[PDB]
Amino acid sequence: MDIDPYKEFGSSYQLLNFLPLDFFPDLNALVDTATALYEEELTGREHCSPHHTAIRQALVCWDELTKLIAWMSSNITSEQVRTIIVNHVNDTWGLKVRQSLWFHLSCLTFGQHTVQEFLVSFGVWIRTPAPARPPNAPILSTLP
């Protein structure tokens, strides 16, 4: 199936992918934010919100990934080849986990609607030709 994990959240993948890669905080910061703001809720017994569910699924996935690269690291793969695997991972999969954590943590903190409206505004802006294009990007708050 063709599944966009942002579609049930009123956004889309291509909208997340318009933003510059440096826009999203690094992963460690996002986990620190998630821990500090929602640790009890995410490790709790209740759904809380589909955003919480997305966060836990994404962190669980990322955990499987780090255990995989740890396994092939200590078990099979040499040093340099390990570092190119890890660098490809962080340049791809890690970006996607950061996009997810940023999206859902931002929805929980500032409201899903204002995040949706930000992403849509940014899409409009990046899609506008330079003659008609306003100088300044749409903006949205940043997380702790």
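One-based numbering along the sequence shown.
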Per the record, averaged over C-alpha atoms, which has the higher B-factor: 7 to 15 or 127 to 135? 127 to 135
Ranked by mean Cα B-factor in the entry, 66 to 74 and 115 to 123, top stretch is 66 to 74
I'd like to know which of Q99, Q57, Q80, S49 has the highest C-alpha temperature factor in the PDB entry. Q80
Largest Cα B-factor, entry values, listed residues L42, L105, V89, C61: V89
Among the modelled residues of its chain, the C-alpha B-factor of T53 falls in the third labelled lowest
